[PDB]
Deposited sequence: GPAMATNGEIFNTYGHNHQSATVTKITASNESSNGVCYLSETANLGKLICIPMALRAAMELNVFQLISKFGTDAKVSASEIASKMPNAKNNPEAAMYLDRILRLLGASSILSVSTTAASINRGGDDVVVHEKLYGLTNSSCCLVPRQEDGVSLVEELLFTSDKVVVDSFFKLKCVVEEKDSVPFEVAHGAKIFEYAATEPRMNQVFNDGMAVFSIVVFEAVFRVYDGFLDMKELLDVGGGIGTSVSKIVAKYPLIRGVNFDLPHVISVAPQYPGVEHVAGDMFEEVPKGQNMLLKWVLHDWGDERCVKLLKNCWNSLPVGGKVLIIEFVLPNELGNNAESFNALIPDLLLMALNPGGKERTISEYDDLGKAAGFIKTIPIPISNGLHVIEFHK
């Protein structure tokens, strides 16, 4: 069946690259602006692209991208009786699906999955993936380091474009995740202070303080992140190195931090958190938890995606099961681990001092 499998295997590189181009051309948002149940042609979409206005062929090229996304069910495809009724209509109409509506920046605040997906398909990430085999062949190799000559957070301090793509990918994705957290988890209600350890540009703690305005928010990250962090209401920024010293705080958050590192580094960081917490404080771990048994579901893929990314991007980074997270907390001196399922594998895991 070689000439069946050419289609099944050959489409795999094509689909994400077509998707990235469509995101960069703001196709999904343009479709959305035609309204509910809109179905629009490539030429209608191209008409809304100022950069295409002196390119007669723009629509025909755009249609070649969109028809692949239609065949792969990212866009819906249809026509009309007027179109059907010696003339050949090349142009089908495209509409959003449940997947592509997650690519439309929200009217209120511009949030979507666009920024995280533009990070995970960025050239810096794909270049790392081109070196993925090195992790199997070579003891202690990291694909990102083979590709770029430096580790990712070191590299970010030298490369402002990559810094921005990464920081924004994490920040906007964090908004979506905290909306889900706030619907299920009530553990912030009693807090008076929250320190976000490796908090990025501060978006996560900015949203926590907005929802819970008695919380004094502190954001802690590396110098090159804090330098570009916005001023957020109710947030104080702190620059440093979490492996050397964590600021004192009543409660701490580690979101998407532990999965970046191996066990010894995770225990070192957790012990630094323990030392900086009071008796009765807690640290919250927010991660996509690896299910105990993998299957064909969102929970499994939500862990496998960052598992493969972190294998390429940082030494020791991996996704972990509940048991493996409990073992890290216990080794660092925490007690009473409380795993709280949120959505499709995302958990809050509380570690108590």
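Of the deposited sequence, the ranges 1-36, 122-125 have no C-alpha coordinates according to the record.
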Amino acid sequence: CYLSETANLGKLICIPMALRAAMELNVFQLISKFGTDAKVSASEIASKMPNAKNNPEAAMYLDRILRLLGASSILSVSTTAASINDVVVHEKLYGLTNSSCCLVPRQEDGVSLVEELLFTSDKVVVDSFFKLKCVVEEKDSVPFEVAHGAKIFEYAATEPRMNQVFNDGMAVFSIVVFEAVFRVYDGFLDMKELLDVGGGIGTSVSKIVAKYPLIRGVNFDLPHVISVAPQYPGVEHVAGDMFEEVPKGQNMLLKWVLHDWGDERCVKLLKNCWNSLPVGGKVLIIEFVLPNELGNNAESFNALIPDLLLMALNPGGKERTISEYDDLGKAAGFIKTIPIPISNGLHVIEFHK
From here on, numbers count along this sequence of modelled residues.
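Mean CA B-factor, 303-311 versus 53-61: the higher value falls on 53-61. As listed in the deposited structure, the average C-alpha B-factor of 5-13 and of 335-343 is greater for 335-343. Remark: of 150, 267, 191, 170, 191 shows the highest value [criterion: C-alpha B-factor in the PDB entry]. Residue-level inspection of the entry shows that, of 115, 260, 221, 140, 140 has the top Cα B-factor. In the deposited entry, the Cα temperature factor of residue 204 places it in the middle third of its chain's modelled residues. Sorting the modelled residues of the chain by their CA temperature factor places residue 27 in the lowest third. The PDB entry assigns residue 126 a C-alpha temperature factor belonging to the lowest third of its chain's modelled residues. Split the chain's modelled residues into thirds by C-alpha temperature factor. Residue 99 is in the highest one. Per the PDB record, residue ranking by Cα B-factor puts residue 85 in the highest third of the chain.
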